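Taking it in order: structure first as structure tokens, then the write-up.
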Amino acid sequence: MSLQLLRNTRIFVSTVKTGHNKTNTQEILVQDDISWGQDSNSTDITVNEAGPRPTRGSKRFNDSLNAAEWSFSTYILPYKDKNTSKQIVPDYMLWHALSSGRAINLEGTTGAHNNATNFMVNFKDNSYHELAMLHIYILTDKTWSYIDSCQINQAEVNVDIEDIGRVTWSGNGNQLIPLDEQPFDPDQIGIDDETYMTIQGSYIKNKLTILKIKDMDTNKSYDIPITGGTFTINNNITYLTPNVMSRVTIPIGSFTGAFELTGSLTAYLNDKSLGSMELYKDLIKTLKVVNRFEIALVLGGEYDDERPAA
Amino acid sequence: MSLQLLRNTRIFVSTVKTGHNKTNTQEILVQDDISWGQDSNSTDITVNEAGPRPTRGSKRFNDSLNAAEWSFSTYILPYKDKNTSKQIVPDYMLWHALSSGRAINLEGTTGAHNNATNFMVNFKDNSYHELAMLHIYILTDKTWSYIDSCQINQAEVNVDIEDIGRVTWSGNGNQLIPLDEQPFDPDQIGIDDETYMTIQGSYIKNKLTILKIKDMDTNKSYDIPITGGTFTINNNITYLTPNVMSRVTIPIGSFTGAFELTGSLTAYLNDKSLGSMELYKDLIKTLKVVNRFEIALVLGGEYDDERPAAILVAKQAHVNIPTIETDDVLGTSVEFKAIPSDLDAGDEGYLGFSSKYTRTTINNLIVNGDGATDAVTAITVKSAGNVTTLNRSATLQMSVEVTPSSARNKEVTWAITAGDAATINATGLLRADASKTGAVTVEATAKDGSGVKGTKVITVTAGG
Amino acid sequence: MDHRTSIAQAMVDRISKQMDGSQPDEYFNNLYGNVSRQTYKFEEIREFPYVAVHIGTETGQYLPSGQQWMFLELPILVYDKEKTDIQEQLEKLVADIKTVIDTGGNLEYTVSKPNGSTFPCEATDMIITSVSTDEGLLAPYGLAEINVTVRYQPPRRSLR
Amino acid sequence: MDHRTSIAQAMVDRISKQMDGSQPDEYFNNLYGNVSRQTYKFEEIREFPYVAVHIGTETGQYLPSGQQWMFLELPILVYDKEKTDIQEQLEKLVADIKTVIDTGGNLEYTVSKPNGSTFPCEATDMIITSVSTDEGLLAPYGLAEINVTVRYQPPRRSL
Amino acid sequence: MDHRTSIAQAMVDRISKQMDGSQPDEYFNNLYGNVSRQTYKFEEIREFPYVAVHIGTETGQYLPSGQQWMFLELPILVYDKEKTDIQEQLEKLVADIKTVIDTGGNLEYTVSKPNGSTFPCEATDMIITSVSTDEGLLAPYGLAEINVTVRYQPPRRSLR
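Chains as they are written, first to last, in the deposited numbering: chain I, 1 to 310; chain H, 1 to 464; chain C, 1 to 160; chain D, 1 to 159; chain E, 1 to 160.
Written as structure tokens, this is what we have:
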């Protein structure tokens with residue numbers, strides 16, 4: 001007899017269900033905002049006839065099961081890997097799944113492919129009816145539970161919060177299957193002490209978040225100090241499920257929606273030329289149907305000295 | 001000149017409007033969550049024309065009047081009444097109104113019928129287009145206001161709140177009519193001091209709220225300590241109203257909706273067998289269309305000593321799929337809805353209240369629906385002549401003895417489960433035949449559904 | 001309609017009646033009736049282990065129907081001479097008192113009415129807030145502050 | 001059914017068993033069993049380093065099914081003499097204390113019953129909310145206090 | 001696992017090596033290595049200007065994945081003898097310390113492991129809360145209290 005404490009939950013992400021290894025599976029550090037579950041639909045049938053002494057009653061039927069949901073926040077932690085001497089991030093399968101649908105290939109030129117200088121994810125080659133499938137293995141205390149097939153639906157990055165920059169993932173899953181026996185040795189698979197040692201010296205502070213923005217049509221660069229901002233990558237994943245009435249069913253497939261790299265900014269008014277006031281004036285006066293602005297958000301700032309940044 | 005303070009409001013309930021007496025009228029102690037009123041509909045007609053210098057203006061017409069609303073919370077307070085020496089609760093008129101539509105009859109066997117052992121409300125005999133009609137008389141300070149004809153619509157029971165268990169009533173009324181003169185002497189009608197003294201020593205604590213839950217499909221009993229929960233009884237009452245335009249009207253009639261003994265539960269994750277983990281795993285893995293769970297939520301817990309408790313019984317209660325909850329400590333919430341054996345049967349569930357609820361009493365109530373009537377606890381099988389063996393082509397009309405001796409259903413069923421060496425009938429006449437070289441066992445199942453088992457292995461062989 | 005001293009007397013007599021050796025398998029110690037509603041001074045006391053029931057403030061609430069919720073605070077003090085070790089003995093005693101205060105029924109106090117007649121009465125519930133130990137005191141003489149807020153409802157009045 | 005002093009003994013023997021010469025690569029200091037929940041006068045200590053445990057206040061919240069949430073508080077104090085440097089050895093001591101608090105299984109505190117029915121039980125939580133040390137005292141002497149809010153659910157079902 | 005004094009030593013040595021005259025165009029003064037992690041007494045000090053790095057409490061937070069946030073308070077005191085005027089000198093010195101604390105990388109402290117091996121480590125960020133001046137002190141002796149809360153994360157542990 002024991003109670004499961006949220007402080008004792010570790011999240012793993014594997015591209016397959018068997019033959020787990022350090023390459024095809026890994027643990028991703030999760031912040032206190034962790035949530036998962038799987039709600040269900042329900043139809044209740046009742047009757048209405050005008051006869052005296054009516055039939056007051058109803059019966060409930062379980063029809064289907066909504067695709068599981070989930071969301072957790074992980075800090076962005078670039079670092080060099082001794083094995084490959086190339087920059088990587090801990091949760092790189094997550095980025096790969098959010099990007100492409102082809103098998104992960106770090107050395108490639110699209111999607112979650114790293115480089116000696118830096119690890120960069122390229123959203124080209126994301127045309128796929130189903131992005132790369134991930135199964136989220138959730139360990140808490142000692143119980144074992146995993147989600148069959150997950151596809152990341154949203155990655156929200158918020159900078160206004162003064163704390164270190166974080167990313168809020170979110171997706172969906174077919175069915176939350178609890179597990180009775182361990183799938184793999186956690187200590188071997190999970191990130192070892194040395195990797196944590198190396199990583200902790202790579203956090204990125206939003207205290208230094210410079211932004212670059214230039215109006216391509218006018219070729220003018222605006223000097224803007226942000227006060228807050230966000231940007232999210234949304235796939236608008238829709239989960240398709242059958243509609244059998246007699247037997248309870250499960251969402252079998254998924255269709256990727258429309259890519260949306262939506263984002264937002266905010267700043268104070270600054271009369272100095274090429275400031276916020278200048279941009280506001282230009283945008284309001286010009287009043288064009290469409291615009292072409294090259295926006296760059298530089299979390300953690302840049303400097304002559306070598307330092308982390310996303 | 002004076003002001004009216006909510007602290008000086010007394011809520012009465014009467015089944016009639018005249019000849020008020022202690023039987024046809026009663027006072028119910030309420031809580032600070034008391035609210036009532038009667039809002040009105042309104043239509044505004046305006047015009048839109050293209051002429052220069054338009055006609056900017058409008059006029060408002062009072063069309064109808066929505067049925068009144070109201071809601072108060074009263075503590076569940078079982079106690080014995082010296083006049084009748086039977087368990088009752090102060091707001092028994094309210095329970096009767098929520099239950100049935102026939103005239104209140106405490107001695108009966110349906111609806112708000114009390115018993116010497118305990119006071120029970122039975123939801124059978126609630127098939128009525130209009131439940132029992134009450135007229136709430138509200139006394140505040142000195143002004144009088146009453147609601148013509150109201151029918152209870154919801155009764156919410158929340159246990160998570162640490163305070164003593166409370167019930168939130170709610171309903172609707174035709175027309176909140178103010179009253180210019182007192183209807184009856186309040187002091188005589190209202191609960192006297194002695195009854196209050198008797199009541200206060202019978203409050204119910206949610207600090208002790210044990211729950212029993214068993215999957216009647218698998219006959220497995222789970223051991224679940226709750227952290228919060230609730231159950232609401234809803235009648236989905238709707239109020240018909242005329243639609244005359246020239247004059248303002250009032251809702252005249254009512255149509256009871258669909259019964260719904262909906263409720264919910266929540267608990268921490270416990271790895272011990274037959275705990276919340278086990279229920280989670282069963283319900284998620286099995287994934288059945290329908291479920292048949294016998295849910296018993298026992299406010300005030302049970303004890304060998306006599307102590308108060310309020311009891312909810314929902315036989316064959318449908319259960320939804322549990323949803324894990326994430327916080328400082330993990331927890332899972334289970335939502336359930338009590339479904340009947342048949343749509344018109346009306347056996348969704350029943351309740352029990354009493355100050356003297358004992359573990360034996362509570363179990364017999366659960367398995368019979370009444371405290372007074374007992375139930376079988378332990379069963380053993382006694383063979384005719386106390387024989388532990390039998391030869392082929394011989395009959396053994398083995399008998400049985402139940403416990404306690406006061407069980408109402410002394411009759412039990414007969415079954416041969418393990419082995420094929422003898423045949424028994426309803427009478428209990430166990431019979432063997434030739435070519436029976438294996439030992440057999442005889443099983444019994446109580447007719448009352450208590451869940452008692454009696455085993456005996458008889459070595460029936462080729463004989464001498 | 002106050003019963004403060006009555007509530008304290010009920011608690012003290014419960015302690016006394018439910019501390020004898022009649023339940024050795026349920027309780028640890030046996031105060032032998034060394035329980036009182038008041039103490040003159042820690043120094044004044046002579047016999048140990050000794051438990052003191054104090055009287056505190058009495059907050060109140062008012063409810064619409066003329067009811068009256070009133071919460072009474074009942075700090076309880078215990079003492080013991082170090083026969084073997086203060087900590088373990090005080091733990092034993094405090095666990096025993098917690099068992100006395102959480103098990104059983106309700107606080108039965110007798111209210112003496114102005115007419116001169118005494119009626120049995122019962123509190124609603126008894127919840128302990130916190131148990132604190134005043135460490136650093138004289139080594140042979142220990143102390144454990146156990147605070148309780150007895151919730152009791154008086155005879156109905158204040159109709160007008 | 002508090003088991004407060006049972007928890008204190010759990011702490012004292014936990015520290016004693018751990019932080020021994022068996023595992024020096026993991027923890028810095030060795031105490032040779034020099035740890036006790038009994039507080040003494042500071043001048044009275046015999047040898048250093050020495051660690052003492054205080055039993056603080058114990059708040060409680062009830063739950064519907066009899067479950068109780070007791071947040072017992074155990075201040076931890078350490079004393080040492082400036083043999084090489086107060087700050088460094090005190091740091092090593094506090095780091096070892098934190099490691100033993102976090103690493104390993106939960107508390108295993110013995111529950112003693114009136115009828116000698118002793119069986120084991122365990123807490124659920126162990127968080128070192130705040131660590132602080134005293135400064136300006138006799139330079140040879142040092143003091144660091146650890147605030148551990150051991151949160152434990154008593155085996156109420158026994159009653 | 002703690003590195004409190006290790007953090008203080010890292011900050012003090014950073015002050016030392018980033019205050020020489022190697023950056024006259026960025027920093028004002030030159031402490032000439034007159035920086036220490038502990039002071040016996042304000043009166044005990046002899047050479048000015050002198051900056052003292054103190055050790056405060058350390059609040060703790062626990063995150064689900066076994067991570068561990070530790071917030072360490074690092075009050076820093078400075079002193080200066082009134083060569084021209086206390087106010088301006090303390091302003092110059094506090095500006096120097098703010099530059100030292102807001103420019104450059106992260107707090108590089110060395111964590112000595114029990115096995116006997118020391119590994120380089122880096123704090124996450126170093127945010128100051130407020131700067132305070134204890135005016136009214138002896139005129140030739142000034143004081144400026146600059147408060148910092150270094151946010152550092154220890155080696156991963158507490159898995160179970």
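A virtual CB, placed ideally from N, CA and C, is assigned to each residue, including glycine.
{"Asked": "Which of helix, strand or coil DSSP assigns to I:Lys285", "Found": "helix"}
{"Asked": "Proximal chain E residues relative to D:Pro140, where beta-carbon distance stays under 8 Å", "Found": "In chain order: nothing, as chain E lies at least about 13 Å away."}
{"Asked": "Closer than 8 Å at the beta carbon, the chain H residues around C:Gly116", "Found": "Within 8 Å Cβ-Cβ: nothing; C:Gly116 doesn't reach chain H, min ~17 Å."}
{"Asked": "Contacting residues, own chain, Cβ-Cβ under 8 Å from I:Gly300 (five flanking each side not counted)", "Found": "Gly165, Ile204, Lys205, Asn206, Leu208, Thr209, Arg307, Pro308, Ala309, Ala310"}
{"Asked": "For C:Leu77 and C:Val53, the rounded distance between their alpha carbons", "Found": "6 Å"}
{"Asked": "Pairwise C-alpha distance: H:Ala132 and H:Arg102", "Found": "6 Å"}
{"Asked": "Which of helix, strand or coil DSSP assigns to H:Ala446", "Found": "strand"}
{"Asked": "D:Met126 classed as buried or exposed, judged by whether at least 16 other C-beta atoms fall within 10 angstroms", "Found": "buried"}
{"Asked": "E:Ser22 versus D:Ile55 - alpha carbon distance", "Found": "54 Å"}
{"Asked": "Range covered by the beta strand (DSSP E) that runs through H:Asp44", "Found": "43 to 46"}
{"Asked": "Min CB distance H:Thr332 to chain D below 8 Å", "Found": "no"}
{"Asked": "At least 3 beta-carbon pairs within less than 8 Å: the segment 109 to 123 of chain H vs the segment 343 to 362 of chain H", "Found": "yes"}
{"Asked": "Where E:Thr124 sits in the DSSP three-state scheme", "Found": "coil"}
{"Asked": "Test: I:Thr46 CB closer than 8 Å to a CB of chain H", "Found": "yes"}
{"Asked": "DSSP-derived helix/strand/coil call for H:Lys59", "Found": "strand"}
{"Asked": "Within-8 Å CB hit, H:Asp163 to chain D", "Found": "no"}
{"Asked": "Closer than 8 Å to chain C by CB, H:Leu98", "Found": "no"}
{"Asked": "Whole-Å CB distance - H:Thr227 paired with H:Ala267, under 8 Å assumed", "Found": "5 Å"}
{"Asked": "Residues sharing a beta bridge with H:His96, DSSP", "Found": "Per DSSP, none; premise fails for H:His96."}
{"Asked": "Nearest-angstrom Cα separation, counted from C:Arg160 out to H:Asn8", "Found": "7 Å"}
{"Asked": "Extent of the continuous alpha helix (DSSP H) run through D:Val100", "Found": "86 to 102"}
{"Asked": "Check whether D:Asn34 and D:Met19 have beta carbons under 8 Å apart", "Found": "no"}
{"Asked": "Below-8 Å beta-carbon distance, H:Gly111 vs any chain I residue", "Found": "no"}
{"Asked": "Proximity of I:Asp193 and I:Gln4 at Cβ, strictly below 8 Å", "Found": "no"}
{"Asked": "Selected residue, minimal CA-CA separation from H:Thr423, among H:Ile11, H:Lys447, H:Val460, H:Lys453", "Found": "H:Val460"}
{"Asked": "Same chain, Cβ closer than 7 Å to H:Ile177, five either side skipped, listed in chain order", "Found": "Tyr146, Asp148"}
{"Asked": "Beta strand (DSSP E) segment containing D:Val111, residue limits", "Found": "109 to 111"}
{"Asked": "Residue from H:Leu343, H:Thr413, H:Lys356 whose Cα sits closest to the Cα of I:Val47", "Found": "H:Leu343"}
{"Asked": "Chain-ordered residues of the segment 84 to 95 of chain C with a beta carbon less than 8 Å from chain D", "Found": "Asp85, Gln87, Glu88, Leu90, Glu91, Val94, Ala95"}
{"Asked": "C-alpha gap between I:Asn235 and I:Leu94, whole angstroms", "Found": "14 Å"}
{"Asked": "Three-state secondary structure (DSSP) of C:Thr5", "Found": "helix"}
{"Asked": "Best match in I:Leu65, I:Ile213, I:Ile199, I:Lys80 for proximity to H:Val289 [C-alpha to C-alpha]", "Found": "I:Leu65"}
{"Asked": "Rounded C-alpha distance that separates H:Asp327 from H:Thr403", "Found": "47 Å"}
{"Asked": "Assumed close pair H:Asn174, H:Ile237 - CB separation to whole angstroms, cut-off 8 Å", "Found": "About 12 Å; that fails the 8 Å criterion."}
{"Asked": "Neighbour list for E:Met1 in chain D, Cβ cutoff strictly below 7 Å", "Found": "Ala95, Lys98, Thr99"}
{"Asked": "Bounding residues of the alpha helix (DSSP H) (the contiguous stretch that carries I:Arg307)", "Found": "Here I:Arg307 belongs to no alpha helix (DSSP H), and DSSP marks it neither H nor E."}
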